[PDB]
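Participant: this one's a deposited entry, sequence included:
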Amino acid sequence: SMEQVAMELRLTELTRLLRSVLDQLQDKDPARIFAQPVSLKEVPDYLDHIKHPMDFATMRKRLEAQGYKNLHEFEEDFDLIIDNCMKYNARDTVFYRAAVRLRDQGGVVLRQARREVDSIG
């Protein structure tokens, strides 16, 4: 149908905007701490601690399959990155501190993303 096409064009354009958001958030991680999945070879107990692991490569795979329907879904995954790290790692660690800085800096990007998503529809 023509409606299915219009809906698909909307999803494609959301995917475009989320790709730019993802790039901007990942620039706030210049140490690449959050770039890839926590290795279960190197942290064999990880899944005993963290039930829903997340990282920027995993988000990018979902995004490119157009697997984010709305901004809320994308934000859920970004918050997982931060929240997983802040539980597994202690406050005095470079990991925890990276997550705090990513959260604080990402907030700004996500605030305007939400306005754009609502604005463009």
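Facilitator: Perfect, thanks for sending it. Numbers count the residues shown, from 1 in each chain.
Participant: all contacts plus neighbour counts: C-alpha atoms, from now on.
Facilitator: Fine.
Participant: can you give me the helices in the protein?
Facilitator: For the chain, applying DSSP state H gives helices covering 2-27, 46-49, 56-64, 71-88, 94-120.
Participant: reformat those as JSON lines; add mean neighbour count and distance to residue 36.
Facilitator: Converted to JSON lines, those look like this (neighbours: other C-alpha atoms under 10 Å; distance: least, C-alpha to C-alpha, whole Å):
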{"stretch": "helix 2-27", "mean neighbour count": "15", "distance to residue 36": "11"}
{"stretch": "helix 46-49", "mean neighbour count": "11", "distance to residue 36": "14"}
{"stretch": "helix 56-64", "mean neighbour count": "16", "distance to residue 36": "5"}
{"stretch": "helix 71-88", "mean neighbour count": "16", "distance to residue 36": "10"}
{"stretch": "helix 94-120", "mean neighbour count": "15", "distance to residue 36": "13"}
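Participant: just so I know, which of those helices lies nearest residue 35?
Facilitator: helix 56-64 (4.9 Å; C-alpha to C-alpha).
Participant: next, work out how far apart the residue nearest in space to the middle of the chain and residue 20 are.
Facilitator: Closest to where the C-alpha atoms of the chain average out (C-alpha atoms, centre = their mean) is residue 78, at 3.0 Å. Residue 78 sits 14 Å away from residue 20, going by C-alpha to C-alpha, to the nearest Å.
Participant: try residue 76
Facilitator: From residue 76 to residue 20 the distance is 17 Å (C-alpha to C-alpha).
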